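Inside the fold
Each chain, written out:
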Amino acid sequence: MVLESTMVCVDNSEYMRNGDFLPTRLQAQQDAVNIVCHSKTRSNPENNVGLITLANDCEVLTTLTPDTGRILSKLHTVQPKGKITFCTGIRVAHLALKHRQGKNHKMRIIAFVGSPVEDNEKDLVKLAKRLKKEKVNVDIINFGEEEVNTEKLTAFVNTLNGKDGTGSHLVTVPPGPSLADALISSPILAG
Amino acid sequence: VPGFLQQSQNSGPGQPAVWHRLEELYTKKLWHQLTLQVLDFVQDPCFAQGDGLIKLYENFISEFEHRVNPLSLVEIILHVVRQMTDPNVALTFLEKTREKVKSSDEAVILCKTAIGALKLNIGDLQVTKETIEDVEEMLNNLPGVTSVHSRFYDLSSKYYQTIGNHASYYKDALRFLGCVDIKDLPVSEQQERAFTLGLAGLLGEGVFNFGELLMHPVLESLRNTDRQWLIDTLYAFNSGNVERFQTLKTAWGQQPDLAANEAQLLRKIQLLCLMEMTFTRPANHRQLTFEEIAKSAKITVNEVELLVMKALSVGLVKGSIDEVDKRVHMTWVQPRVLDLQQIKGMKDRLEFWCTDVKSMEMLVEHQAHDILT
Amino acid sequence: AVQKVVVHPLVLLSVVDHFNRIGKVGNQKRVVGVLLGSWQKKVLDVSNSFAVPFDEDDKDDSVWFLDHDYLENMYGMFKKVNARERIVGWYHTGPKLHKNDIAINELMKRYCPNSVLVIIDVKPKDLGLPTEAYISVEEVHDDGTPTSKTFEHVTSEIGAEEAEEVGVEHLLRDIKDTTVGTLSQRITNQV
């Protein structure tokens, strides 16, 4: 297995509540946290995958811990109403991942975004070259829907890393008739 | 049911600029921008026929959508009420949609404030107190919505118009003035509300420091195009007596609800003249003669005693008034609201205090200097 | 409606040795910790506390770190040494406040009837009083906004409980009880 502290965010903002694929998108984000947390449950029993939110604050609810079931109880009523922010999750994950173990793991991030998120072009290019300077490879995911011709997360993919990069890629999601395991199955390959 | 909007699709000219998109929204099956399409059918001037038919599909939303907050469902029944023009079926329908559409958010407050908003057809004072009171029973936790606090103002202001507390319109108008601070509608309607705000806070009296928040911008920007002496009579109760034409122009121009307690208004010119006369002169002779009182307070010698015993009932000044010399004695008072020129020129008391108690501290210590020991 | 507490500077010497930790661990300049204790009356006494490994971003200052490896199992320890001395609040240095103080208070407010952010003094040169308390307040305004929570000045002192002077008044070796009216009064006049 490849050494990283893959950080998962919950897309608990205002645009993960409709009934377009399944009658819920909580199933999409919730079973995606399920598959990634069971992958880091089976993968190595020394990781640290808890939670981070983007809605209005970065509330670290439980410990960034090896176990997962308390966090999988917290995914129930994840409360998707709030302000989505792509900038604060990666930054508080960077300091939380500087609050790590005897460090067996590097820094990886998946950021569930279901909105045309609020982050300047200067903000994304500074975040992305700070992760160049701070040695982080991020697997960038879109759930829900994002506005066509995406600007923020795709350019974070663009300027994210180098000198062993190969993490930064983005799947765009349309709001069509499909299913939720086919909205995690399109980003389960390449985050 | 797709055929329902296949037949109810065309709703005007240029209205299919959102209905040719609506015939693909539900194929995309989405409900965020379809909640916003309810809000946009509110935004575009619909004369209540697409919602008044799609209400059975709103029941269908409650059936098999079962995720979206019933914000738009309360919106859509209070926008079908233009087709309806009858609230008595809408009330049971709305509490039906309260108990059958689930969410984690604060829904009882939006439901009971919508019932308060469409309660105006009931003949109030019978159900208002109960469920309008239930709203603030469920307001303590988190008023994060705060348009529910605006509708709470509106039911509380029709509840003010349920007669009984005639300067609760001032505190309730603070609830209006801070329901949403940006006034989010044009100037004219709410500057007539500022007109009648001045009136409905003026004439009734539960408040006693009535000339207080006149400095607040969202009301004075409304007043700048009002009649040009309502501002000035509010200043005649802000400054407090010395605008004789204005503390009389309340008896000249503004006639409705005036003559019942303009005697109490001219009681408050005297209550406010007390704090005037003992504040604006900082100096002594705080055993003031009754003479300025009986001259400028439009009161008589036999009524200065009532003028200050009613102020003992008020409780902002509690003088030990002389009655062998008939002198109206000044004790402690409730001073002002704002003297920004004296907030700047209080240095002659503050820096006075600072450097002079400092210097006399240095002098006491300087005379007891070398017993430092 | 809280006036004063009783303060043992013993765990303020724990503030001192965590002020020794932060001078040699890293980028954390200020001493932020967690204040145990027990509401007894409007007067109160404190017997123990602890000091969180805390970081705080200079960018978007609402970035706290209060580990539950460091809270829950250390709370088990502090519960095992005594059931009485449980949580009562927390503490950070400076005199003023940083921004995240309100959320750090509301984190451990779920454990306590009134969690207190006693702002503490490590390098005392002040003109007024030492460390001072703040209680949970709902004062909101006369305007009627959503409910204010910025914890207002609901004061405190440094009270003295009992004996401890086996240590303390042997550790004096300098000071004297002034038979009041023997330039003690002009020490007070000066101050």
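Residues numbered from 1 in each chain as written, not as in the entry; some residues may be left out. Chains lettered and ligands numbered in written order. Part of a larger assembly, values for the part shown. Heavy atoms only, no water.

Method of structure determination, per the deposited record: cryo-EM was used for this entry, reaching 4.9 Å resolution.

We now examine unusual backbone geometry. Located in the positive-phi region is B:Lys326, a residue other than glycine, with phi close to 60 degrees. Along the chain, the position of B:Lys326 falls in the loop between α17 (304-314) and β2 (328-329). Positive phi is not limited to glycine here, since C:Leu183 has a value of about 70 degrees. Inspection of the secondary structure assignment puts C:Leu183 in the loop between α4 (165-171) and α5 (184-190). On the basis of relative accessible area, C:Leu183 is assigned to the partly exposed category, the value being 26%. (Helix = DSSP H or I, 4+ residues; strand = E, 2+ residues; numbered from the N terminus. Buried < 20%, exposed > 50% of the residue type's maximum accessible area, 1.4 Å probe, protein only.)

Turning to the UniProt feature "domain: MPN" in chain C, a few remarks are in order. The residues that UniProt annotates with the feature "domain: MPN" are residues 5-140 of chain C. Note that residues 5-140 of chain C is 25% helix and 14% strand, and that its end C-alpha atoms are spaced 26 Å apart. (UniProt positions renumbered as here; feature names shortened; annotations may be inferred.)

Before going further, it helps to spend a moment on a positive patch on the surface. Positive charge collects at one region of the surface, where A:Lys122, A:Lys129, A:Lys132 and A:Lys133 lie side by side. Among the secondary structure elements, A:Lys122 is positioned in helix α4 (residues 121-133). (Patch = residues over 30% accessible without salt bridge, like charges linked within 9 Å, V, L, I, M, F, W, Y side chains within 5 Å. Areas by Shrake-Rupley, 256 points an atom, 1.4 Å probe, with all protein chains shown as cover. Salt bridge = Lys/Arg side-chain N within 4 Å of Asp/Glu carboxyl O. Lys, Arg positive; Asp, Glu negative; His and termini not counted. Charge placed at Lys NZ, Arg CZ, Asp CG, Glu CD.)

With that settled, the discussion passes to the nonpolar core. Residues and elements named next belong to chain C. Core analysis: the biggest nonpolar cluster contains 36 residues, and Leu-35, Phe-54, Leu-66 and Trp-90 have the highest contact counts within it. Listed by contribution, the elements that provide at least two residues to this core are α1 (10-25), β1 (32-37), α2 (72-81), β2 (86-92), α3 (101-108) and β3 (116-119). Ignoring any residue separated from it by four or fewer positions in sequence, one finds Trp-90 in contact with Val-32, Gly-33, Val-34, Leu-35, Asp-101, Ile-104, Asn-105, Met-108, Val-116, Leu-117 and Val-118. (Core = buried A, V, L, I, M, F, W, Y, C linked by side-chain atoms within 4.5 Å. Contact = heavy atoms within 4.5 Å.)

Between chain A and chain B, the residue contacts involve 19 residues of the former and 15 residues of the latter. Between chain A and chain B, a total of about 1,300 Å² is buried, with carbon and sulfur atoms accounting for 51% of that surface. When the area that chain A buries against chain B is broken down by residue, the three leading residues are A:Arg17, A:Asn18 and A:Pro23, summing to 35%. Here chain A is connected to chain B by zero salt bridges. (Buried area = accessible area lost by both parts, 1.4 Å probe.)

Of the residues lining the interface, 12 residues belong to chain C; the matching set on chain A comes to 12 residues. Across the chain C to chain A interface the summed buried area is about 1,000 Å²; carbon plus sulfur atoms make up 56%. Taken together, the links from chain C to chain A amount to zero salt bridges. Linking chain C with chain A are two residue pairs in polar contact, by the criterion used here. (Polar contact = N/O pair within 3.5 Å; in protein donor to acceptor, adjacent residues only side chain to side chain.)

Residues and elements named next belong to chain B. It is at 10 Å that the axes of helix α15 (residues 262-279) and α17 come closest, and there the two elements cross at 80 degrees. Here α15 is positioned roughly perpendicular relative to α17, judged by the angle of their axes. Between α15 and α17, the residues in contact are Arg-267, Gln-270, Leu-271 and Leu-274 and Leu-306, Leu-307, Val-308, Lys-310, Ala-311 and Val-314, respectively. Looking at the contact of α15 with α17 residue by residue, the class counts come to seven nonpolar, one polar and two charged. (Axes fitted to C-alpha atoms, helices over the stretch in contact; angles between N-to-C directions. Parallel < 35°, antiparallel > 145°, perpendicular 65-115°, else oblique. Nonpolar A, V, L, I, M, F, W, Y, C, P; charged D, E, K, R; others polar.)

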